[PDB]
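**Q**
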Ligand SMILES: *[C@@H]1O[C@H](CO)[C@@H](O[C@@H]2O[C@H](CO)[C@@H](O[C@@H]3O[C@H](CO)[C@@H](O)[C@H](O[C@H]4O[C@H](CO)[C@@H](O)[C@H](O)[C@@H]4O[C@H]4O[C@H](CO)[C@@H](O)[C@H](O)[C@@H]4O[C@H]4O[C@H](CO)[C@@H](O)[C@H](O)[C@@H]4O)[C@@H]3O)[C@H](O)[C@H]2NC(C)=O)[C@H](O)[C@H]1NC(C)=O
Ligand SMILES: *Cc1cc2c(nc3c(=O)[nH]c(=O)nc-3n2C[C@H](O)[C@H](O)[C@H](O)COP(=O)(O)OP(=O)(O)OC[C@H]2O[C@@H](n3cnc4c(N)ncnc43)[C@H](O)[C@@H]2O)c(*)c1C
Ligand SMILES: COc1ccc(C[C@H]2c3cc(O)c(OC)cc3CCN2C)cc1O
Ligand SMILES: *[C@@H]1O[C@H](CO)[C@@H](O)[C@H](O)[C@H]1NC(C)=O
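Numbering (mature numbering (1 follows the signal peptide of the UniProt record, and there is no 0)), first residue to last: -3 to -1, 1 to 497.
(1) Which partner residues does residue 345 have in the DSSP bridge list?
(2) Which residue's Cα is closest to the Cα of residue 70: 50, 338, 88, 361?
(3) Sort 52, 10, 148, 217 by Cα distance to residue 28 and report the nearest one.
(4) Using DSSP with H/G/I as helix, E/B as strand and the rest coil, what is residue 394?
(5) Using CA coordinates, which residue listed in 340, 107, 97 is at the minimum distance from residue 66?
(6) Pop quiz: residue 179 and residue 95 are said to be a contact at Cβ under 8 Å. What is the actual Cβ separation, rounded to whole angstroms?
(7) Are the C-beta of residue 131 and some C-beta of chain C separated by less than 9 Å?
(8) For the stretch 452 to 468 against the stretch 432 to 441, are there 3 or more C-beta pairs whose distance is under 8 Å?
(9) Do residue 467 and residue 200 have their CB atoms nearer than 9 Å?
(10) Classify residue 14 as buried or exposed, calling it buried when 16 or more other Cβ atoms lie within 10 Å of its own Cβ.
(11) Check whether the Cβ of residue 31 lies closer than 8 Å to any heavy atom of ligand 1, and answer yes or no.
(12) Could you name the residues that DSSP lists as bridge partners for residue 17?
(13) Could you give the uninterrupted runs of the alpha helix (DSSP H) lying entirely in the stretch 94 to 138, keeping only those of 4 residues or more?
(14) Assign residue 381 to one of three DSSP states: helix, strand, or coil.
(15) Measure how close the beta-carbons of residue 166 and residue 383 come, nearest whole angstrom, since I'm counting them as under 8 Å.
(16) Indicate whether the contact test is met: 3 or more Cβ pairs, each with one atom in the stretch 357 to 366 and one in the stretch 280 to 295, closer than 8 Å.
(17) DSSP puts residue 368 in a beta bridge; with which residues?
(18) What are the boundary residues of the beta strand (DSSP E) that includes residue 417?
(19) Just verifying my parser: in three-state terms, what is the DSSP assignment at residue 501?
(20) So residue 477 and residue 193 are supposed to be a Cβ contact under 8 Å. How far apart are they, rounded?
(21) Out of 102, 133, 122, which one is the CA nearest neighbour of residue 112?
(22) Considering only heavy atoms of ligand 4, does any lie closer than 8 Å to the CB of residue 73?
(23) Run through DSSP, which three-state label would residue 83 get?
(24) Out of curiosity, what's the CA-to-CA distance linking residue 279 and residue 205?
(25) Rounded to the nearest angstrom, what separates residue 407 and residue 237 at their Cα positions?
(26) Is residue 447 a contact residue of ligand 4, with contact defined as CB to any heavy atom under 8 Å?
(27) Over what stretch of residues does the alpha helix (DSSP H) that includes residue 251 continue unbroken?
(28) Excluding the 5 residues preceding and the 5 following residue 141 in the sequence, name in chain order all residues of the same chain whose CB lies nearer than 7 Å to its CB.
(29) Is the stretch 410 to 418 close to the stretch 332 to 341, with three or more CB pairs under 8 Å?
(30) Is any heavy atom in ligand 2 found nearer than 8 Å to the beta carbon of residue 260?
(31) Could you tell me the alpha carbon to alpha carbon distance between residue 185 and residue 25, rounded to whole angstroms?
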């Protein structure tokens, strides 16, 4: 379905002047803006789905009207903030679709009196973090480490980061927000009601409508926090020992502490990158690990004291705090597919050993280990759609990324990742095998919203990944879905089905 004169005239009429139409060209602005926020080259392929038009609204009413104009046609709506969807569900779709890029909605309004902020859904974590440190040295916010990840889909799915052990997810700290429904109705928390305002805070993106802006509570942070990023080159024996003890240390640390691990291997050596964050000074930080985790062999020089801003930039591997404010800094430029696990029981050494052995078989693979507990276990499972709280111990994350040179090995890389996930099945959560909506996994299945045979059973088919992402909260998400989008205008392969 083309993007005809009706759609365009509708946009022109409504003052939404920033938009381009599909172009087979490569030198075109369309293709440029399209590939501008494709954060997973896995989907840069010339055979993937491409929008009939890309619209870049610059205000909440332009956003409202954009949705209104698209509703006059049959197009599927696709919202994009940072475009970091692991499945590229913000710039792809089986059916002809319109791409609503929210990058022009990147304003952060910080209020130092209430210590809250109105973050436009276009604003990325980085641009947000920058705004906060630009305004205060005693304020921060909890969310992912990826500075290019947009708050649009990030906070919509939850938002887990290095401070979540201290403050919970991003969505755990949303006090208000502006959602724009299928009719372009501009709704605040009071207008949308509690069932929906609850849903949008971890229920997923591209499901409830277009978040125009988030109102977050800004969080206290000492003017000096401590972090370390130390890569240990060890053998598999030591690596297992370190990982096996890590899970306990990491999960049982005080909320003022976060210890995350990035593991990979290559035949000979196993490399474990230790990412440390302390909600306080260096001496206390080092004292703690010197006691709890002396095996890391971390030294004084390893611990860096810096502002909270400097720390989230440092942790993200950025050169400077200014780079937090750069939304177009690709952090790898490599295609990838990532599966995640959540643990209820501790993991046997054999699990880390197996993981490390499997890793040593494929250098392009690597695991990310995150501890829960602390503040994550104090927030109710039903406080927000994100269920995994008290009881959840670790977030294990299996990634595999490659170069354009290695595009041929594609299927092989995915094969490895499939083998690793299968290998971990006994050691992780079961019935259901839990997942995280911001780590959306189309392998868990999907829904063909064009197939009425399936659409009639959308809720049960969706159960597979639904209870996996949201567990018991899945029920309330369906009531909330029916209230704000019964027509299922906002959908994607793993969107919450409305009651029909
Ligand atoms: C649809 O949405 C898309 C996405 O948002 C829009 O595309 C964006 O369009 C932006 C402009 O509208 C564009 O910003 C540009 O970014 C470049 C860097 O790539 C930047 O250099 C440009 O900024 C200059 O120009 C603007 C005005 O055009 C000035 O306000 C600004 O101060 C900059 O001018 C200064 O630097 C220039 C060289 O960098 C000098 O030539 C100029 O003289 C001036 O220098 C003075 O100021 C300096 C610093 O203050 C000082 O050192 C010096 O001595 C002088 O005093 C430009 O803004 C984005 O690149 C683009 N974004 C993307 C992702 O493509 C698009 O516009 C929308 N479409 C529609 C229809 O609206
Ligand atoms: C690329 C990348 C992803 C990361 C990174 N680090 C993460 C981390 O530290 N913790 C995590 O929890 N997740 C991490 N991820 C994955 C991201 O969390 C997810 O990819 C988030 O969805 C990020 O959102 P965004 O960058 O905006 O991706 P989009 O593709 O634009 O959107 C995702 C999803 O949400 C819908 N959507 C977008 N915008 C809106 C608005 N404003 N309103 C409602 N819904 C919206 C889209 O349709 C899409 O379906 C580290 C890196 C490098
Ligand atoms: C501190 O905790 C973590 C640290 C790093 C990661 C991996 C990171 C990533 C880093 C890459 O370089 C990359 O290459 C394509 C892909 C990805 C996919 C997931 N993304 C989030 C996950 C974590 O949970
Ligand atoms: C509709 O869904 C069912 C179940 O997946 C499938 O068997 C059938 O082929 C689908 N029909 C269409 C329209 O493709």
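The C-beta atom is built at its ideal place from N, Cα and C for all residues, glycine as well.
**A** On the basis of the coordinates in this document:
(1) Answer is none; residue 345 lacks a bridge partner.
(2) When the alpha-carbon of residue 70 is set against those of 50, 338, 88, 361, the nearest one is in 50.
(3) Its Cα nearest to that of residue 28, the residue 52 stands out among 52, 10, 148, 217.
(4) Of the three classes helix, strand and coil, the one that applies to residue 394 here is strand, per DSSP.
(5) Ranking 340, 107, 97 by Cα distance to residue 66 puts 97 first.
(6) About 14 Å separates the Cβ atoms of residue 179 and residue 95, ruling out a contact at the 8 Å cut-off.
(7) As a matter of chain content, chain C is missing from the structure shown, which is built from one protein chain.
(8) Output reads yes: the stretch 432 to 441 touches the stretch 452 to 468.
(9) One thing to note: residue 467 has its Cβ within 9 Å of the Cβ of residue 200.
(10) exposed
(11) no
(12) 51
(13) 122 to 132
(14) coil
(15) 6 Å
(16) Touching, no, given that fewer than three Cβ pairs across the two stretches are closer than 8 Å.
(17) Residue 368 is bridged by DSSP to 391.
(18) Element bounds for residue 417: not the beta strand (DSSP E) but the alpha helix (DSSP H), 407 to 421.
(19) A question about residue 501 goes unanswered here, because the residues of the chain that appear run from -3 up to 497.
(20) 5 Å
(21) Of the candidates 102, 133, 122, the residue whose Cα lies closest to the Cα of residue 112 is 133.
(22) no
(23) coil
(24) One Cα belongs to residue 279, the other to residue 205, and the distance between them is close to 43 Å.
(25) In this structure, the alpha-carbon of residue 407 lies about 28 Å from that of residue 237.
(26) yes
(27) Per DSSP, residue 251 belongs to no alpha helix (DSSP H) and is neither H nor E.
(28) Result list for residue 141: 122, 151, 156, 157, 158, in chain order.
(29) yes
(30) no
(31) 37 Å
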